[PDB]
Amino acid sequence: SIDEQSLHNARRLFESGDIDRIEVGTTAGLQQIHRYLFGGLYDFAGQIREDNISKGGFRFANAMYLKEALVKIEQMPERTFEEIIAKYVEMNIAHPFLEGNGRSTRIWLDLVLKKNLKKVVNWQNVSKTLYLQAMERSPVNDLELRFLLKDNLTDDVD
């Protein structure tokens, strides 16, 4: 029931206009989103992880320098589509939470895209399978991800 309740919570962030009070493009901002989605569901909601984690043969940033990584990641520029995806890709590698990084950082991405390009990702039309592939490859090369997301943008941001 967690996946369900976290979705309802995401549904509520926008419907309530609380999304508009989230800090855009910062670590603190990502933590806000995560806290709001998973508050009361995961007891680590909003908290940077202590432990190391890996998935599908990738290891995310070592917990021991995760906080330091995040300090630099949030400072990355958001001027162009390419720069925003670059930032998104790094924040993914950072993977600051034990769980729920995906939903939360996607929202995080959309807010950056909205602020700087007046656009958001039309996730309806994005294949979950292809997205996951693109992300898996992203650290070595973000071509697949850019190609996937660029023609799935929409300026219909509300």
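One rule holds for the numbers: they count along the sequence shown, beginning at 1.
Enquirer: Where do the C-alpha atoms have the higher mean temperature factor in this entry, in 104 to 112 or in 118 to 126?
Expert: For C-alpha atoms only, the mean B-factor is higher in 118 to 126.
Enquirer: Please compare 87 to 95 with 45 to 53 and name the stretch with the higher mean C-alpha B-factor in the deposited structure.
Expert: Between 87 to 95 and 45 to 53, it is 45 to 53.
Enquirer: Ranked by Cα temperature factor within the chain, is residue 148 in the lowest third, the middle third or the highest third?
Expert: Middle third - that is where residue 148 ends up once the chain's C-alpha B-factors are sorted.
Enquirer: Sorting the chain's CA B-factors, does residue 139 end up in the lowest, middle or highest third?
Expert: Ranked within chain, residue 139 CA B lands in the lowest tercile.
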